[PDB]
Amino acid sequence: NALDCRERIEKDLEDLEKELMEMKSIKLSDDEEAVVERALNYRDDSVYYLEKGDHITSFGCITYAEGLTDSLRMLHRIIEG
Amino acid sequence: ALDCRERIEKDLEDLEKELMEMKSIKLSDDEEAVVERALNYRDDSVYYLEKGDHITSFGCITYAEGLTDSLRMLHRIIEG
Ligand code: IUM
Ligand code: IUM
């Protein structure tokens, strides 16, 4: 499956990075900041497994991180302020 | 591997329990959207597993786990 090929994972990582920076652009609670930190840990893990050639684990890590991050984004409508 | 049938089946059973429990506490409207999305992605995982698309199923379940775990991290029993 092309979902876990190198180029797709790389682009997933780039997109996650932008999303994390986006969430860092607003005030988050300490608990939400802990979610961000966990997402960053899983980003780092995704990169590790990609670099070791384990695309399935890498893909799992990035999608988990995307879930963590997308939840935060959904809890903060951009028109919330 | 993390995406073998046995592992995905266990992931799906575990997530169902987590979601049923999250489903039945007081949630904000925004959190309800997240729970709905997690349930939808669990259903997608179930579907792709039936089709034998293990990578796709695995992506769906891990995404749903991330959505769900984020909520769990915002609802610590002992907040501190
Ligand atoms: O396959 U490249 O950066
Ligand atoms: O999806 U959970 O621990």
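Any read-out appearing in this document is the output of simple, stated calculations on the displayed coordinates, not a laboratory observation. Note that we place each Cβ from the backbone using ideal geometry, even for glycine, and neighbour counts take in every protein chain shown.
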Set of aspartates and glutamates with alpha-carbon distance to B:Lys10 below 18 Å, sequence-local pairs under 8 removed: B:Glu18, B:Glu21, B:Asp43, B:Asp44, B:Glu50, B:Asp53, B:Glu65, B:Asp69
For B:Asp3, distant residues with modelled amide H under 5 Å away: none
Degrees separating the helix B:5-23 axis from the principal Cα axis of chain B, which is the longest one: 20
For chain A, diffusion coefficient by Stokes-Einstein and Kirkwood Rh (Cα), 25 °C, 0.890 mPa s, µm²/s: 190
Shape category assigned to the protein assembly as shown from the gyration tensor of Cα positions, a/c cut at 1.5: oblate
Set of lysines near B:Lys17 by C-alpha distance (under 21 Å), chain-local residues within fewer than 8 positions excluded: B:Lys26
Computed [θ] at 222 nm, deg cm²/dmol, chain A (DSSP H ≥ 4; -39,500 (n - 2.57); rounded to nearest 500): -26000 deg cm²/dmol
Candidates per trypsin sites (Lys or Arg not before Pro) in segment B:1-62, loop by DSSP, up to 16 other Cβ within 10 Å: B:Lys26
